[PDB]
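Student: just coords:
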Ligand SMILES: [Fe+3]
Ligand SMILES: [Fe+3]
């Protein structure tokens, strides 16, 4: 449609009106989790707030994070995910799935979702980074193996694209 | 055939140039918000060099990056730290150091040090240092310590790649180079000694073994490995290493141990080196203080938020260093008991000083409650 | 309208310039006789700048001057010294210092010193210095000593006007500035202290009184006034001040007294300053040594001749300094007797070192017989 | 033992490798398919004090020349206006590549396990800070003395407005820090500095001095001196991983991906900035490119690494095809969309044309005709209300941005080797322009989600976009950028506004 | 008292006049019909370290220009 100004438009305004209403950490965690499944990664639900999601997300991150410092006890901020899950458990879990992945297309989804679900402030910074890092090495290895094997035509179909035009 | 000095070309360019300026704003990046009274050159050449987008507090660009890591980790992102802020650019190093001023200064230190060394050897001033201090303490435990500095230097690699602003970046990098310098300089004194006192083994074999297996440096090696490899939150690495670990144990080891006791065992060589490490410390301090106290701990919107993590990290890492110190005070057992320096009380005031400054230098600025008395007692137990 | 960048003029000059060089000798003053392997820039920019005529050994001009003093004293003449030589230009400073290198180095020291000072105060390192050392000794007798340096600095004015060659001139002048620097720096430490320890009077009133009326500095003041105002033979001033007086008493006072005892009374501030004075000494030494040992004491035609005067001056001025020292060793009475430094034996090795180096550094080079043992005994009598 | 002795830097460097110590957790933090050897050695025995000493000396001579001599000469206003304007983009764009390198090389010092190896990178880290501040100094100085300081005085903000900025970001920002340290390494060191920067920084001083610019040669001649250590850092990267089984599988894959990334933007952009941002030509780009890429690099530099099972990129032949016309294809897109820049352009004059046709037979009939056509249409006159972008649209020539490289594409006027592929995926359309990036996107959909200028500016009138992004000068009405480099008839917001240019979604017809 | 403080050149220059001391033989060696006052004051408060610092800076810019820029221009 018609675009509005980059850094100030009705969309970021409205989501901010929304974020403002969150009050519980539980509350804030579902919200941000729903927000990232719906709007981030090429496997996003919607592409509607495409040019505004990243700013909005950051604003939600802020709300969640502030909430945690004033509600969860200090220890939890270090030892666990906002979901009440034990940070190491989550790490153990996802590093297990990725290792169990049988294809690159299977590997990518595990990595992409881990982020949507656990990007800080949901998961502690130190925990998220190493896990993200560990998942990343696997995906890369699964992927860079025989990289030029499949022809373009084949790749197009494995990706499941709707080829609208070839010159 | 250059256009400036070639008749036919200079003439041609002369005709193309307009008689008047096409704008009067001549301040390079005039839109930078000055910290001081008017825009500095340090600011003008540093501020906004990092292409951050609006979704990262402070940045002026827009859109997503053009290439992320596999899985989507952003080139730079808010996942790198738990600390939040109104503008990541807010940071200003009190020294206004950009690359030029920084190497210029060190270059002075570089050359002066070699002049001083050539004279000192011609001076034969080595003749009166205490042989035990020289051979047993200096050569071994002072050598060992280079590994503490080297460790801290290394805990900056990821910081260097992960921080969210240019100024912090430079503050971070000049910090790292100063630490590898300390390491390099401690060895330089060791090598100079070898050239002067025959049989003095300046190699790192013994100081290396001591670091990794000698109980005196046990807690330190513990803290260091944890700061270096333990975490990736770039603010946590910066805080814990400089504001806590070095401010305490490092400062105690350098100023209170080696430099102080050097001026009691008649050692006129070591204070020359410690002068540099101690100056370097104070310089990083101003930068570290601005970033954490001014910028972070006092961010209008996230002060209390960041302080939660600051006080958290502080309680964790201070405990680690109290232990580091407790292991360190075992070294006193190997020195001559000078009445009032290497004795219980002497050593106790050394601690008093350390914990006492840290309390006004860092603690009180961030709202961390510390009972200096208790911490001295704590360290002293391993005496 | 500059000729380099103005089209019509650059064009005009372009036409006037020849297509080839009009000579291939491009070494500036290629006829200078190199000391080292090939001509240095220090040589090229210094050698032959003084317009000496052939009647003054080494000079390449001819005729009398164009204006003398009333009565006929030449602008420069052979009456200025008793020392004779084959070429007055023969002298080369080992540091090859011309004006640029010289200020460049000091400029480093200048800036580094202010960095160090700003850190040291923030470091609170002053807290552990011995109060007696600080208040009684340092503040008074160390202050007093600036007058020794200042005296030596002044004994160079006539030298500056009367020496017969450019290199000697520069060696002479950089020597003088280094001495007034010492004086200025001793006071700087005194002023820094005042800013840190309340009630510390950094003024010169007391150190001044001590110099002029305190028996400890009696012989020194005697020697200094005699070198400064006593004579006008520029080589005699140079020799006596640097090669004898400073090499002995000065060196003893700075290295053996203040710097050494600073590293025993827990003083981490003074060695910073003495590092400069001690380096400066060693630099002048190389210059002084070249001029007197290489150039003069060993001149193919007048070696034995000049050595006659050298050994003469040496016997006279050494006696003066032995006395200077004998007065100086009275200060020990005011310090805590550290077993092996401030006691008879401790002090005796200090002397041993001084007289011992001087013997190999200067004595033996000029054929002066000195029984180090006797001189130590001599000084020690006033202990 | 009283003899004048000091300690030499190589004496210290002798113990560096022993500075590191073992412990179970002493490993890199970044995701990577490689493991750099632990006893890898560095090539230059430099240390801290020595680093500072070596660089400061350079600094002194450089700053003496600009600050002292050149100011006295009035040099900053002796450059030709075209080149003066090109230096806004050249210096600021580079500044970013220098900037991101500080971070990239830090990731590399993190990757390395050998003390010595971290040392080389750390050295590079300091070098990159120096070069960022040097690139800023060029624009800073130009702000002070050039006839047009606007653009030079704010590109770190005015670059965000137009398309060319995004490409530069891919190669010199994202390509250096996002991904496998090694890919980031090959991207920066082995291809970036080794194939491009290094010869580029020298070629720039040639194009500069030739157009009255003596600011740039002063600064860059200094820069290139530190770059040799960087070429060495790439070299050491391969070496440290040469016995890693992974390398046999992965290395060459990353190297070809890294190489195409670099050539993609650089091939067309530098040729464009040289040939069009100059009045006085130094040599034609097509010839330069074959000596840099085809010969010096693929030929000589790469061969020296062949003993590591490292080969010439498989995309080299594809690159070569493009080198002739790709930059002229870009020129059209650049001139056309001139109001989105921060620099004043100039159409190729009657003689620039002659040089063009002489060095690229065929240029005239195709590019020449369009450029002249636009000139007649009122390209430079603010009263014409004519913008080449609208003429592009009206005559069926659509501009697409490649979802991977960001490089613009006009298939209907393109002579280069690329082509369009528009795919739909999860409800989003994507324009790809070559086989290599199409594969990159097909395989790594989530590494490539960068929004484009059309996506962002859709349905907006060009002046509104410019005013919002600050493309105006001190008076807040007149545009920094211009279609001519004269000193009169400067276009304003109203002028732009009268053309009624509104951003369309080029992918809506598919 | 931990606060960053240094000593300024004018602070040092403040004690220079007291550096000289009296003694019957403290007089010029040259023949002259004049006697310069003993409390005469200087106009620029410079000192050694400061002298060096001030000049070197000049030197740096000068030598950068000739050695670097002008050579590159073929100016000579
Ligand atoms: Fe660079
Ligand atoms: Fe580089």
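Tutor: Thanks, I have the structure now. Numbers count the residues shown, from 1 in each chain, chains lettered A, B, ... in the order given. Ligands and ions are numbered 1, 2, ... in the order given.
Student: Show me which residues of the stretch 151-300 of chain D sit near ligand 2.
Tutor: Residues of the stretch 151-300 of chain D lying close to ligand 2 (C-beta under 5 Å from the ion) are D:193, D:230. Where you see a C-beta, it was placed from the backbone N, CA and C, and this is true even at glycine.
Student: Can the helix of greatest length in chain B be said to contact chain C?
Tutor: Across chain B, the longest stretch assigned as helix under DSSP state H is helix B:166-196. No - with C-beta under 8 Å from any C-beta of the partner chain as the measure, helix B:166-196 is seen stopping short of chain C, the closest distance being 12.3 Å.
Student: Quick one: name whatever helix or strand follows that helix.
Tutor: Using DSSP states H and E, the helix or strand that directly follows helix B:166-196 along the chain is helix B:205-213.
Student: Does that following helix pack against any helices or strands, and if so which?
Tutor: helix B:143-154 (3 or more C-beta pairs under 8 Å, 6 or more residues apart in numbering or on different chains; DSSP states H and E).
Student: what angle do the helix it packs on and helix B:205-213 make?
Tutor: Interaxial angle, helix B:143-154 versus helix B:205-213 (axes from the mean of the first three to the mean of the last three C-alpha atoms, to 10 degrees): 60 degrees.
Student: Let me know whether the helix or strand following helix B:143-154 sits next to chain A.
Tutor: Reading on from helix B:143-154 to the C-terminus, the next helix or strand found by DSSP H and E is helix B:157-162. No - against chain A, helix B:157-162 shows no contacts by C-beta under 8 Å from any C-beta, the least distance being 9.0 Å.
Student: For the stretch 151-300 of chain D, which residues are neighbours of chain B?
Tutor: Of all the residues in the stretch 151-300 of chain D, those lying near chain B are D:152-154, D:156-157, D:160, D:166-167, D:169-170, D:173-175, D:177-179, D:209-214, D:279-280, going by C-beta under 8 Å from any C-beta.
Student: at 7 Å what do you get?
Tutor: Taking C-beta under 7 Å from any C-beta of the partner chain as the test, the list of the stretch 151-300 of chain D residues beside chain B reads D:153-154, D:156-157, D:160, D:166, D:169-170, D:173-175, D:177-179, D:209-212, D:214, D:280.
Student: Next up, phi/psi of residue A:109, please.
Tutor: phi -60, psi -40 (degrees, to the nearest 10).
Student: whoops, residue D:74 was the one
Tutor: For residue D:74, the backbone dihedrals (degrees, to the nearest 10) come out as phi 70, psi 20.
Student: and if you look at residue B:51?
Tutor: Recorded main-chain torsions at residue B:51 are phi -70, psi 40, according to degrees, to the nearest 10.
Student: okay, now the residue lying closest to it once chain neighbours are set aside: neighbour count?
Tutor: Counting by C-beta to C-beta, 6 or more residues apart in numbering or on different chains, residue B:61 is the residue found nearest to residue B:51 once chain neighbours are left out, at 5.2 Å. By the measure other C-beta atoms under 10 Å in any protein chain shown, the count of residues near residue B:61 is 21.
Student: got a list of what the residue of the stretch 351-500 of chain D found nearest ligand 2 touches?
Tutor: Closest to ligand 2 within the stretch 351-500 of chain D is residue D:405: 21.8 Å, counting by C-beta to the ion. By C-beta atoms under 7 Å, 6 or more residues apart in numbering or on different chains, residue D:405 lies in contact with D:167, D:170, D:264-265, D:437.
Student: Can you report phi and psi for residue D:422?
Tutor: The phi/psi pair for residue D:422 (degrees, to the nearest 10) reads phi -120, psi 120.
Student: That one: neighbour count?
Tutor: Summarising burial for residue D:422: neighbours were counted as other C-beta under 10 Å, giving 20.
Student: if I pick the residue in the stretch 201-350 of chain B that ligand 2 sits nearest to, what's in contact with it?
Tutor: Using C-beta to the ion, the single residue of the stretch 201-350 of chain B nearest to ligand 2 is residue B:234, 23.1 Å away. Residues in contact with residue B:234 (C-beta under 7 Å, 6+ apart) are B:80-81, B:158-159, B:162-163.
Student: Quick one, which of the residues of the stretch 151-300 of chain D next to chain B are buried?
Tutor: D:153-154, D:156-157, D:160, D:166, D:169-170, D:173-175, D:177-179, D:209-212, D:214, D:280 (16 or more other C-beta atoms under 10 Å in any protein chain shown).
Student: OK, contacts around the most centrally placed residue in chain D?
Tutor: With distances taken as C-alpha atoms, centre = their mean, chain D has residue D:168 as the residue nearest its mean C-alpha position (4.9 Å). For residue D:168, the contacting residues are D:93, D:96, D:265, taking C-beta under 7 Å, 6+ apart as the criterion.
Student: quick revisit: pull the most distant pair out of the contacts of residue B:234.
Tutor: When those are compared pair by pair using C-beta to C-beta, the two farthest from each other are B:81 and B:158, 11.5 Å apart.
Student: Could you look up the SS state of the nearest residue to residue B:154 once chain neighbours are set aside?
Tutor: In space, not counting the residues next to it along the chain, residue B:154 is nearest to residue B:228; the distance is 5.3 Å by C-beta to C-beta, 6+ apart. For residue B:228, the reduced secondary structure class is helix; criterion used: DSSP: H, G, I helix; E, B strand; the rest coil.
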